[PDB]
């Protein structure tokens, strides 16, 4: 009945899946698109995100994790605000690999200090 937290980051260049324990102090698994694909150009691919997440999930399951809550960082543009399919693809890959999915929260970071918009 051990639950973890999957921290999912979609960037311009890559995708990161970092699974920790419930406290966030202990790292269960850490995988990126860059760890699973050969070519730089494929690192941002949602297929790469899916494979990275599959590896993270398998590691977590081997370590006794039954499920993960999700904390997603998925930045998008200012004009068109589009995060892309990657973060969600990673979540879906976590589920299909055999992890239960708990709370899902969007923590996408907003850079601030300076002028503050409304």
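Positions refer to the first chain, counted from 1.
- Relative to one another, 33 to 41 and 72 to 80 have unequal mean CA B-factors, and 72 to 80 is the one with the higher figure.
- For the two regions 44 to 52 and 61 to 69, the entry's Cα B-factors average higher over 61 to 69.
- Split the chain's modelled residues into thirds by C-alpha temperature factor. Residue 17 is in the lowest one.
- Among all modelled residues in its chain, residue 95 ranks in the middle third by Cα B-factor.
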